[PDB]
$ cat upload19.cif   # mmCIF, C-alpha atoms
data_data
loop_
_atom_site.group_PDB
_atom_site.id
_atom_site.type_symbol
_atom_site.label_atom_id
_atom_site.label_comp_id
_atom_site.auth_asym_id
_atom_site.auth_seq_id
_atom_site.Cartn_x
_atom_site.Cartn_y
_atom_site.Cartn_z
ATOM 1 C CA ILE A 204 112.582 76.293 54.331
ATOM 2 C CA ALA A 205 111.993 78.495 57.372
ATOM 3 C CA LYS A 206 115.103 79.408 59.367
ATOM 4 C CA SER A 207 115.642 80.888 62.832
ATOM 5 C CA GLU A 208 118.375 81.374 65.427
ATOM 6 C CA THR A 209 117.968 81.788 69.156
ATOM 7 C CA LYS A 210 120.360 82.959 71.823
ATOM 8 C CA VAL A 211 119.627 82.844 75.533
ATOM 9 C CA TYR A 212 121.539 85.145 77.792
ATOM 10 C CA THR A 213 121.619 84.896 81.516
ATOM 11 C CA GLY A 214 123.282 86.855 84.282
ATOM 12 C CA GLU A 215 122.998 87.521 87.965
ATOM 13 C CA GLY A 216 122.934 90.363 90.458
ATOM 14 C CA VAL A 217 122.236 90.880 94.161
ATOM 15 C CA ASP A 218 118.994 91.891 95.890
ATOM 16 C CA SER A 219 120.261 94.388 98.557
ATOM 17 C CA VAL A 220 117.306 93.834 100.856
ATOM 18 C CA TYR A 221 117.325 90.081 101.195
ATOM 19 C CA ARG A 222 120.989 89.454 100.239
ATOM 20 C CA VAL A 223 120.017 86.776 97.759
ATOM 21 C CA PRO A 224 120.955 86.237 94.179
ATOM 22 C CA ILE A 225 118.522 87.681 91.681
ATOM 23 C CA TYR A 226 118.713 86.543 88.068
ATOM 24 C CA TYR A 227 117.720 87.550 84.573
ATOM 25 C CA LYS A 228 117.175 85.711 81.361
ATOM 26 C CA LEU A 229 117.006 87.225 77.902
ATOM 27 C CA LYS A 230 115.951 85.114 74.978
ATOM 28 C CA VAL A 231 116.344 86.587 71.500
ATOM 29 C CA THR A 232 115.104 84.783 68.401
ATOM 30 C CA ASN A 233 115.928 85.966 64.877
ATOM 31 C CA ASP A 234 113.674 84.429 62.199
ATOM 32 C CA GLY A 235 114.938 86.749 59.415
ATOM 33 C CA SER A 236 111.969 89.181 59.569
ATOM 34 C CA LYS A 237 112.210 90.217 63.216
ATOM 35 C CA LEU A 238 113.998 89.789 66.481
ATOM 36 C CA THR A 239 111.720 88.595 69.325
ATOM 37 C CA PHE A 240 112.948 89.474 72.828
ATOM 38 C CA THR A 241 111.761 87.770 76.062
ATOM 39 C CA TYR A 242 113.142 89.225 79.271
ATOM 40 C CA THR A 243 112.550 87.591 82.668
ATOM 41 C CA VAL A 244 113.643 88.597 86.156
ATOM 42 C CA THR A 245 113.394 85.823 88.779
ATOM 43 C CA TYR A 246 114.811 84.382 92.016
ATOM 44 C CA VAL A 247 115.106 80.968 90.360
ATOM 45 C CA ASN A 248 118.676 80.167 89.301
ATOM 46 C CA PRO A 249 118.500 79.278 85.589
ATOM 47 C CA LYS A 250 121.532 76.985 85.890
ATOM 48 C CA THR A 251 120.008 74.737 88.537
ATOM 49 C CA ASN A 252 116.297 75.621 88.400
ATOM 50 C CA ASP A 253 116.454 76.020 92.208
ATOM 51 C CA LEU A 254 114.599 78.785 94.011
ATOM 52 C CA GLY A 255 116.502 81.245 96.204
ATOM 53 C CA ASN A 256 116.428 82.134 99.901
ATOM 54 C CA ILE A 257 114.550 81.651 102.130
ATOM 55 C CA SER A 258 110.766 82.114 102.604
ATOM 56 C CA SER A 259 111.594 85.234 104.625
ATOM 57 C CA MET A 260 110.510 87.840 102.088
ATOM 58 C CA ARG A 261 107.091 89.383 102.880
ATOM 59 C CA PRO A 262 104.262 89.048 100.340
ATOM 60 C CA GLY A 263 103.824 92.785 99.653
ATOM 61 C CA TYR A 264 107.506 93.429 98.894
ATOM 62 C CA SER A 265 107.684 94.308 95.174
ATOM 63 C CA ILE A 266 110.128 94.736 92.279
ATOM 64 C CA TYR A 267 110.079 96.298 88.810
ATOM 65 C CA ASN A 268 111.905 94.768 85.852
ATOM 66 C CA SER A 269 112.374 97.978 83.906
ATOM 67 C CA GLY A 270 113.820 101.266 84.806
ATOM 68 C CA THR A 271 111.841 104.247 83.792
ATOM 69 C CA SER A 272 113.970 106.885 82.376
ATOM 70 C CA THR A 273 116.508 106.209 85.165
ATOM 71 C CA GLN A 274 118.151 104.105 82.470
ATOM 72 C CA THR A 275 118.188 102.977 78.862
ATOM 73 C CA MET A 276 117.383 99.267 78.503
ATOM 74 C CA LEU A 277 117.980 98.650 74.808
ATOM 75 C CA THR A 278 120.142 99.968 71.950
ATOM 76 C CA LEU A 279 119.636 98.820 68.359
ATOM 77 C CA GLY A 280 121.846 98.521 65.294
ATOM 78 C CA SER A 281 121.308 100.394 62.030
ATOM 79 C CA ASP A 282 119.140 97.799 60.324
ATOM 80 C CA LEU A 283 116.644 97.283 63.107
ATOM 81 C CA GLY A 284 113.418 99.276 63.031
ATOM 82 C CA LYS A 285 111.120 100.548 65.771
ATOM 83 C CA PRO A 286 110.356 98.159 68.664
ATOM 84 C CA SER A 287 106.771 97.105 69.316
ATOM 85 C CA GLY A 288 105.017 97.630 72.601
ATOM 86 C CA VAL A 289 106.308 95.678 75.557
ATOM 87 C CA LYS A 290 103.919 92.998 76.851
ATOM 88 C CA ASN A 291 104.196 92.445 80.566
ATOM 89 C CA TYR A 292 103.193 89.306 82.445
ATOM 90 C CA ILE A 293 104.025 86.947 85.290
ATOM 91 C CA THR A 294 105.454 83.567 84.227
ATOM 92 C CA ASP A 295 105.647 80.266 86.190
ATOM 93 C CA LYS A 296 108.725 78.040 86.572
ATOM 94 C CA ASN A 297 108.221 76.665 83.048
ATOM 95 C CA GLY A 298 107.775 80.126 81.514
ATOM 96 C CA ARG A 299 104.075 79.763 80.744
ATOM 97 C CA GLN A 300 102.003 82.951 81.338
ATOM 98 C CA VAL A 301 100.075 83.038 84.686
ATOM 99 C CA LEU A 302 98.559 86.505 84.348
ATOM 100 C CA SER A 303 99.053 89.612 82.240
ATOM 101 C CA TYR A 304 99.666 93.248 82.940
ATOM 102 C CA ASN A 305 99.346 96.428 80.869
ATOM 103 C CA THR A 306 101.346 96.651 77.653
ATOM 104 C CA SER A 307 103.984 99.415 77.933
ATOM 105 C CA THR A 308 104.975 101.963 75.430
ATOM 106 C CA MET A 309 108.484 101.721 74.157
ATOM 107 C CA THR A 310 109.986 105.207 73.939
ATOM 108 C CA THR A 311 113.441 106.577 72.932
ATOM 109 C CA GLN A 312 115.739 107.680 75.645
ATOM 110 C CA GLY A 313 119.388 108.648 74.953
ATOM 111 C CA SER A 314 120.991 106.449 72.259
ATOM 112 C CA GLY A 315 118.361 103.745 72.639
ATOM 113 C CA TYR A 316 115.041 102.804 74.181
ATOM 114 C CA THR A 317 113.250 102.257 77.436
ATOM 115 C CA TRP A 318 109.685 101.456 78.400
ATOM 116 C CA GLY A 319 108.373 102.632 81.624
ATOM 117 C CA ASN A 320 106.954 101.452 84.783
ATOM 118 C CA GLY A 321 104.221 99.003 84.377
ATOM 119 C CA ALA A 322 104.516 95.615 85.888
ATOM 120 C CA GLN A 323 105.908 94.466 89.204
ATOM 121 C CA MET A 324 106.415 91.269 91.131
ATOM 122 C CA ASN A 325 105.915 90.842 94.875
ATOM 123 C CA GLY A 326 107.249 88.186 97.291
ATOM 124 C CA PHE A 327 103.803 86.678 96.806
ATOM 125 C CA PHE A 328 105.069 85.008 93.515
ATOM 126 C CA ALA A 329 108.805 85.354 93.817
ATOM 127 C CA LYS A 330 108.451 82.651 96.456
ATOM 128 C CA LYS A 331 106.526 80.365 94.082
ATOM 129 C CA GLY A 332 109.462 80.411 91.701
ATOM 130 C CA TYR A 333 107.693 82.802 89.277
ATOM 131 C CA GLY A 334 109.318 85.442 87.119
ATOM 132 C CA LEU A 335 108.462 88.921 85.919
ATOM 133 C CA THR A 336 108.563 88.772 82.157
ATOM 134 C CA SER A 337 108.485 91.309 79.324
ATOM 135 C CA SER A 338 108.504 90.742 75.572
ATOM 136 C CA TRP A 339 108.667 92.805 72.389
ATOM 137 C CA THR A 340 109.687 92.543 68.722
ATOM 138 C CA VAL A 341 111.929 94.599 66.439
ATOM 139 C CA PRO A 342 111.725 94.497 62.613
ATOM 140 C CA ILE A 343 114.839 93.515 60.604
ATOM 141 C CA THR A 344 115.467 95.680 57.487
ATOM 142 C CA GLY A 345 119.011 94.630 56.621
ATOM 143 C CA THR A 346 122.361 93.325 57.808
ATOM 144 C CA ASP A 347 123.277 95.317 60.964
ATOM 145 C CA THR A 348 121.183 93.556 63.617
ATOM 146 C CA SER A 349 123.518 94.294 66.547
ATOM 147 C CA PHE A 350 121.987 95.334 69.921
ATOM 148 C CA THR A 351 122.791 95.830 73.587
ATOM 149 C CA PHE A 352 120.451 95.132 76.505
ATOM 150 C CA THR A 353 120.911 96.345 80.064
ATOM 151 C CA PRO A 354 118.975 94.383 82.778
ATOM 152 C CA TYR A 355 117.276 96.139 85.672
ATOM 153 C CA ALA A 356 115.571 95.207 88.935
ATOM 154 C CA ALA A 357 114.584 97.384 91.915
ATOM 155 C CA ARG A 358 111.990 97.355 94.708
ATOM 156 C CA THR A 359 109.070 99.591 93.702
ATOM 157 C CA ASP A 360 109.967 102.284 96.194
ATOM 158 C CA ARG A 361 113.545 103.530 95.656
ATOM 159 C CA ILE A 362 113.778 103.248 91.842
ATOM 160 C CA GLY A 363 117.487 104.113 91.973
ATOM 161 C CA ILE A 364 118.985 100.867 93.227
ATOM 162 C CA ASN A 365 119.413 98.506 90.322
ATOM 163 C CA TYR A 366 120.048 95.032 91.671
ATOM 164 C CA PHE A 367 122.063 94.159 88.560
ATOM 165 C CA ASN A 368 124.403 97.265 88.983
ATOM 166 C CA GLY A 369 123.634 97.623 86.136
ATOM 167 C CA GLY A 370 126.989 96.736 84.551
ATOM 168 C CA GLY A 371 125.760 93.384 83.227
ATOM 169 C CA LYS A 372 125.184 94.338 79.589
ATOM 170 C CA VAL A 373 124.269 91.924 76.834
ATOM 171 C CA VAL A 374 126.104 92.999 73.636
ATOM 172 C CA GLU A 375 125.381 91.318 70.253
ATOM 173 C CA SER A 376 127.513 92.347 67.296
ATOM 174 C CA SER A 377 126.928 92.167 63.529
#
$ encode --input "upload19.cif" --output "structure tokens"
Amino acid sequence: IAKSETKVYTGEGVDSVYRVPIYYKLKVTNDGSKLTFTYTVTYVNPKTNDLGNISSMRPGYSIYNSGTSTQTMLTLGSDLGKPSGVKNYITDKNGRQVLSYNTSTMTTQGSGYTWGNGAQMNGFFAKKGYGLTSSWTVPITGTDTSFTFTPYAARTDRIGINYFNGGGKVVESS
């Protein structure tokens, strides 16, 4: 008898340049041995599956989905171990991988973790309904599997303007 539990979190912010919604999705699966995290930033509204406005973003515009050490992405409860590397890739509308980027190194900053700059997405993809996706695992060693995740998106120049604020924290207790 294998058992697992999955939560999907979604939220929304504002791209300052194009004045459009920008969205994130975070899927977290707990199978008893580890938490698997999948984090996607996209212009496709997860509620409707409709792509945002309006064709008028240039192809070489580009965004990151992780801050560097401008901000902590992830904090972990007492019975979660060290996160793996963070795989980075572009996903299509159905979440299947289109191409892959360098795997990032998860490091500690502050009370939690970040990974640093690695992948980006450019209008040439955002406009196809694609997302910029990162995934990693964290071992479970006991009962306190709480965590918080803070989403991030910014154009590759000007790393300081997080499109999500970033006051849109995901907080899971235990």
$ resolve_selection --input "upload19.cif" --expression "the PyMOL selection byres ((chain A and resi 237-250) around 9)" --output "PDB file with C-alpha atoms, keeping the file's coordinate frame"
ATOM      1  CA  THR A 213     121.619  84.896  81.516  1.00  0.00           C
ATOM      2  CA  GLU A 215     122.998  87.521  87.965  1.00  0.00           C
ATOM      3  CA  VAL A 223     120.017  86.776  97.759  1.00  0.00           C
ATOM      4  CA  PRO A 224     120.955  86.237  94.179  1.00  0.00           C
ATOM      5  CA  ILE A 225     118.522  87.681  91.681  1.00  0.00           C
ATOM      6  CA  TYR A 226     118.713  86.543  88.068  1.00  0.00           C
ATOM      7  CA  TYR A 227     117.720  87.550  84.573  1.00  0.00           C
ATOM      8  CA  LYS A 228     117.175  85.711  81.361  1.00  0.00           C
ATOM      9  CA  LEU A 229     117.006  87.225  77.902  1.00  0.00           C
ATOM     10  CA  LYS A 230     115.951  85.114  74.978  1.00  0.00           C
ATOM     11  CA  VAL A 231     116.344  86.587  71.500  1.00  0.00           C
ATOM     12  CA  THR A 232     115.104  84.783  68.401  1.00  0.00           C
ATOM     13  CA  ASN A 233     115.928  85.966  64.877  1.00  0.00           C
ATOM     14  CA  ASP A 234     113.674  84.429  62.199  1.00  0.00           C
ATOM     15  CA  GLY A 235     114.938  86.749  59.415  1.00  0.00           C
ATOM     16  CA  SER A 236     111.969  89.181  59.569  1.00  0.00           C
ATOM     17  CA  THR A 251     120.008  74.737  88.537  1.00  0.00           C
ATOM     18  CA  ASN A 252     116.297  75.621  88.400  1.00  0.00           C
ATOM     19  CA  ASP A 253     116.454  76.020  92.208  1.00  0.00           C
ATOM     20  CA  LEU A 254     114.599  78.785  94.011  1.00  0.00           C
ATOM     21  CA  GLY A 255     116.502  81.245  96.204  1.00  0.00           C
ATOM     22  CA  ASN A 256     116.428  82.134  99.901  1.00  0.00           C
ATOM     23  CA  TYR A 267     110.079  96.298  88.810  1.00  0.00           C
ATOM     24  CA  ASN A 268     111.905  94.768  85.852  1.00  0.00           C
ATOM     25  CA  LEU A 283     116.644  97.283  63.107  1.00  0.00           C
ATOM     26  CA  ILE A 293     104.025  86.947  85.290  1.00  0.00           C
ATOM     27  CA  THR A 294     105.454  83.567  84.227  1.00  0.00           C
ATOM     28  CA  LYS A 296     108.725  78.040  86.572  1.00  0.00           C
ATOM     29  CA  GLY A 298     107.775  80.126  81.514  1.00  0.00           C
ATOM     30  CA  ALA A 329     108.805  85.354  93.817  1.00  0.00           C
ATOM     31  CA  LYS A 330     108.451  82.651  96.456  1.00  0.00           C
ATOM     32  CA  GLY A 332     109.462  80.411  91.701  1.00  0.00           C
ATOM     33  CA  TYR A 333     107.693  82.802  89.277  1.00  0.00           C
ATOM     34  CA  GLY A 334     109.318  85.442  87.119  1.00  0.00           C
ATOM     35  CA  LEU A 335     108.462  88.921  85.919  1.00  0.00           C
ATOM     36  CA  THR A 336     108.563  88.772  82.157  1.00  0.00           C
ATOM     37  CA  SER A 337     108.485  91.309  79.324  1.00  0.00           C
ATOM     38  CA  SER A 338     108.504  90.742  75.572  1.00  0.00           C
ATOM     39  CA  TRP A 339     108.667  92.805  72.389  1.00  0.00           C
ATOM     40  CA  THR A 340     109.687  92.543  68.722  1.00  0.00           C
ATOM     41  CA  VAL A 341     111.929  94.599  66.439  1.00  0.00           C
ATOM     42  CA  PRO A 342     111.725  94.497  62.613  1.00  0.00           C
ATOM     43  CA  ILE A 343     114.839  93.515  60.604  1.00  0.00           C
ATOM     44  CA  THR A 344     115.467  95.680  57.487  1.00  0.00           C
ATOM     45  CA  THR A 348     121.183  93.556  63.617  1.00  0.00           C
ATOM     46  CA  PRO A 354     118.975  94.383  82.778  1.00  0.00           C
ATOM     47  CA  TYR A 355     117.276  96.139  85.672  1.00  0.00           C
ATOM     48  CA  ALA A 356     115.571  95.207  88.935  1.00  0.00           C
TER      49      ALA A 356
END
$ residues_around --input "upload19.cif" --residues "residue A:221" --least-positions-apart "6" --cutoff "12 Å" --atoms "all atoms listed in the file" --output "ChimeraX atom specification"
/A:246,255-261,264,326,358,366
$ resolve_selection --input "upload19.cif" --expression "the PyMOL selection byres ((chain A and resi 360) around 12)" --output "list in words"
residues 263, 264, 265, 266, 267, 320, 323, 356, 357, 358, 359, 361, 362, 363, 364 and 365 of chain A
$ residues_around --input "upload19.cif" --residues "residue A:377" --least-positions-apart "6" --cutoff "9 Å" --atoms "all atoms listed in the file" --output "MDAnalysis selection string"
chainID A and resid 280 346:350
$ resolve_selection --input "upload19.cif" --expression "the PyMOL selection byres ((chain A and resi 317) around 9)" --output "list in words"
residues 269, 270, 271, 272, 274, 275, 276, 277, 308, 309, 310, 311, 312, 315, 316, 318 and 319 of chain A
$ atom_distance --input "upload19.cif" --atom1 "atom CA of residue A:307" --atom2 "atom CA of residue A:288"
5.7 Å
$ decode --input "upload19.cif" --residues "stretch 304-330 of chain A" --atoms "N, CA and C atoms" --output "mmCIF file, in the first residue's frame"
data_model
loop_
_atom_site.group_PDB
_atom_site.id
_atom_site.type_symbol
_atom_site.label_atom_id
_atom_site.label_comp_id
_atom_site.auth_asym_id
_atom_site.auth_seq_id
_atom_site.Cartn_x
_atom_site.Cartn_y
_atom_site.Cartn_z
ATOM 1 N N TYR A 304 17.300 23.452 -18.782
ATOM 2 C CA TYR A 304 18.382 24.356 -18.484
ATOM 3 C C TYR A 304 19.272 23.733 -17.396
ATOM 4 N N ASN A 305 20.310 24.463 -17.019
ATOM 5 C CA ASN A 305 21.251 24.026 -16.002
ATOM 6 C C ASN A 305 20.540 23.756 -14.679
ATOM 7 N N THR A 306 20.967 22.733 -13.967
ATOM 8 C CA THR A 306 20.494 22.480 -12.621
ATOM 9 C C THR A 306 21.190 23.461 -11.651
ATOM 10 N N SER A 307 20.425 24.111 -10.794
ATOM 11 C CA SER A 307 20.963 25.083 -9.850
ATOM 12 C C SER A 307 21.295 24.415 -8.545
ATOM 13 N N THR A 308 22.120 25.132 -7.811
ATOM 14 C CA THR A 308 22.566 24.701 -6.530
ATOM 15 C C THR A 308 21.749 25.475 -5.503
ATOM 16 N N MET A 309 21.088 24.655 -4.702
ATOM 17 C CA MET A 309 20.315 25.120 -3.571
ATOM 18 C C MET A 309 21.297 25.489 -2.464
ATOM 19 N N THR A 310 21.227 26.728 -1.988
ATOM 20 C CA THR A 310 22.102 27.164 -0.911
ATOM 21 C C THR A 310 21.243 27.738 0.259
ATOM 22 N N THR A 311 21.795 27.796 1.474
ATOM 23 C CA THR A 311 21.109 28.491 2.565
ATOM 24 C C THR A 311 21.334 29.965 2.489
ATOM 25 N N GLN A 312 20.240 30.708 2.485
ATOM 26 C CA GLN A 312 20.262 32.102 2.877
ATOM 27 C C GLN A 312 19.228 32.465 3.991
ATOM 28 N N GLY A 313 19.680 33.192 5.009
ATOM 29 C CA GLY A 313 18.804 33.579 6.106
ATOM 30 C C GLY A 313 18.300 32.395 6.933
ATOM 31 N N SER A 314 16.985 32.290 7.088
ATOM 32 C CA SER A 314 16.365 31.183 7.829
ATOM 33 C C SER A 314 15.971 30.032 6.906
ATOM 34 N N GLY A 315 16.315 30.119 5.632
ATOM 35 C CA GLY A 315 15.872 29.126 4.684
ATOM 36 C C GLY A 315 16.835 29.028 3.519
ATOM 37 N N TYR A 316 16.294 28.807 2.331
ATOM 38 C CA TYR A 316 17.062 28.469 1.157
ATOM 39 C C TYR A 316 16.686 29.338 -0.024
ATOM 40 N N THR A 317 17.669 29.541 -0.899
ATOM 41 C CA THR A 317 17.434 29.990 -2.256
ATOM 42 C C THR A 317 18.252 29.133 -3.225
ATOM 43 N N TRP A 318 18.098 29.416 -4.505
ATOM 44 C CA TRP A 318 18.942 28.838 -5.523
ATOM 45 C C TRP A 318 19.289 30.016 -6.400
ATOM 46 N N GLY A 319 20.307 30.031 -7.214
ATOM 47 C CA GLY A 319 20.354 31.315 -7.840
ATOM 48 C C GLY A 319 20.184 31.278 -9.311
ATOM 49 N N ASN A 320 20.441 32.431 -9.887
ATOM 50 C CA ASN A 320 20.013 32.638 -11.234
ATOM 51 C C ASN A 320 20.525 31.527 -12.091
ATOM 52 N N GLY A 321 19.652 31.172 -13.007
ATOM 53 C CA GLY A 321 19.860 30.036 -13.849
ATOM 54 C C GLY A 321 18.924 30.255 -14.993
ATOM 55 N N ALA A 322 17.728 29.670 -14.926
ATOM 56 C CA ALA A 322 16.900 29.825 -16.095
ATOM 57 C C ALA A 322 16.112 31.125 -16.199
ATOM 58 N N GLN A 323 15.648 31.367 -17.418
ATOM 59 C CA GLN A 323 14.814 32.505 -17.744
ATOM 60 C C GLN A 323 13.785 32.100 -18.791
ATOM 61 N N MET A 324 12.756 32.923 -18.923
ATOM 62 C CA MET A 324 11.829 32.797 -20.025
ATOM 63 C C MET A 324 11.646 34.164 -20.694
ATOM 64 N N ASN A 325 11.449 34.129 -21.999
ATOM 65 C CA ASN A 325 11.440 35.314 -22.846
ATOM 66 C C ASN A 325 10.047 35.362 -23.478
ATOM 67 N N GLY A 326 9.621 36.521 -23.997
ATOM 68 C CA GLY A 326 8.311 36.590 -24.649
ATOM 69 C C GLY A 326 8.262 35.435 -25.635
ATOM 70 N N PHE A 327 9.345 35.170 -26.348
ATOM 71 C CA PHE A 327 9.340 34.039 -27.261
ATOM 72 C C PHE A 327 9.199 32.755 -26.382
ATOM 73 N N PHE A 328 7.989 32.478 -25.906
ATOM 74 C CA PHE A 328 7.580 31.268 -25.152
ATOM 75 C C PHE A 328 6.408 31.665 -24.294
ATOM 76 N N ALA A 329 6.543 32.807 -23.628
ATOM 77 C CA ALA A 329 5.487 33.279 -22.756
ATOM 78 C C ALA A 329 4.223 33.340 -23.621
ATOM 79 N N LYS A 330 4.429 33.765 -24.868
ATOM 80 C CA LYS A 330 3.353 33.976 -25.815
ATOM 81 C C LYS A 330 2.810 32.668 -26.396
#
